[PDB]
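Only one structure is covered here, and it is reproduced in the block below.
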Amino acid sequence: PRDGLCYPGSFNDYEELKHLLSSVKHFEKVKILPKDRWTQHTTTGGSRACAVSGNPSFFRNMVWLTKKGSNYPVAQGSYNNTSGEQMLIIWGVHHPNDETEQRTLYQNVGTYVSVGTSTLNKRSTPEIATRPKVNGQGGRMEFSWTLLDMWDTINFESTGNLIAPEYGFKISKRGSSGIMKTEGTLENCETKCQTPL
Amino acid sequence: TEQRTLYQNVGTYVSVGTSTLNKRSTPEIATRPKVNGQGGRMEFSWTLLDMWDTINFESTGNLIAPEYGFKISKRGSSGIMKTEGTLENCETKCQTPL
Ligand SMILES: *[C@@H]1O[C@H](CO)[C@@H](O)[C@H](O)[C@H]1NC(C)=O
Ligand SMILES: *[C@@H]1O[C@H](CO)[C@@H](O)[C@H](O)[C@H]1NC(C)=O
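Keeping their order, the protein sequence lines are chains A and D. Numbering (the deposited numbering) for the first sequence: 93 to 95, 95A, 96 to 116, 116A to 116C, 117 to 123, 125 to 263, 263A, 264 to 285. Numbering (the deposited numbering) for the second sequence: 189 to 263, 263A, 264 to 285.
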């Protein structure tokens, strides 16, 4: 696929996530952390790697937290799963190219991005290093995911380099499915057995 | 104490980055049983560098930097034989450990 991660980076347990979708037939997006509540931080941050119409932009479902008025207070974020079914949540960590980028974007060094649920406990820290430029950007964005169970709570805590999510992907329909690796296009037709050919 | 006399810096890092790889590592100072008379350890990592790609090594200490890269030239069917024998003058088309 040509359109993957517009901002260079990786996706932890990406192959496992594609295996989960093989038994999921429908997602009902739920706004778990609206962009408006981040009133103590700047949420308009964008990159040329995500440019649309010649202007910097960013992923639609993710929020790039940034310093507001030369201040970066601790990012508090929580959501209690009340959607009635298991919900998939994706967050990310930003790795600046150099320590100067760290200062001009978050102003705090040695920041942490921690995510905790009733069954998950993770703390991540940015890795500042010199890397070859991909899509013109020297930084990287590492994205991680988890499944939030019934009536469970997920807490987001970070002093910097947190790409907080805005929407959760609630599973609604489950059943037999799969992924076709094909370059064809959908056509008006009906069948009971589909092959890539 | 070994940190001072060998690198003089504390909290050093060893970072390696390519177009598809991003790794930062730090030394782990601890007391371990002496193997080969040495209490220290060296952890060795590897990667495959693609066509026309760049790899950057940066470290403030504890880096065992390489001198040679192992370019792949010929590819094909091969294998690793687990045997105690020795090569001898002979020709064959099918080889078994026995
Ligand atoms: C989350 O919501 C459920 C149902 O409303 C409730 O039982 C549970 O106590 C809530 N979690 C917390 C941490 O309050
Ligand atoms: C590496 O070399 C190739 C071919 O010489 C070149 O196209 C590429 O730009 C070089 N990489 C960098 C980072 O300059």
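Using N, Cα and C, we set each Cβ at its ideal position, and we do this for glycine too.
field: Close-in-space but distant-in-sequence residues of the same chain around A/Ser101 (CB under 6 Å, 5 per side omitted)
entry: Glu231
query: Can the beta-carbon of A/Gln175 be found less than 8 Å from the beta-carbon of A/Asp238?
result: yes
- prompt: Do A/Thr206 and A/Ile243 come within 8 Å of each other at the CB atom, strictly closer than that value?
  reply: yes
- prompt: Helix, strand or coil for D/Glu275 per DSSP?
  reply: coil
message: Please report the distance separating the alpha-carbon of D/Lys259 from that of D/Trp234.
response: 13 Å
task: Apply the 10 Å Cβ neighbour rule to A/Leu285 and answer buried if 16 or more other Cβ atoms are within range, or exposed otherwise.
output: exposed
- request: Would you mind working out which of A/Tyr168, A/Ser264, A/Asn169, A/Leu121 sits nearest A/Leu154, comparing C-alpha positions?
  value: A/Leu121
field: Buried/exposed call for D/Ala218, threshold 16 Cβ in 10 Å
entry: exposed
query: For A/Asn250 versus A/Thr200, is the C-beta distance shorter than 8 Å?
result: yes
message: For a quick check, are the C-beta atoms of A/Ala138 and A/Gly225 less than 8 Å apart?
response: yes
- prompt: Would a check of beta-carbon distances place A/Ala218 closer than 8 Å to chain D?
  reply: yes
- prompt: Going by beta carbon distance, what residues of the same chain come within less than 8 Å of A/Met268, once the five residues before and after it are set aside?
  reply: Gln282, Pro284
- prompt: Using the beta-carbon count (16 or more within 10 Å), is D/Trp240 buried or exposed?
  reply: exposed
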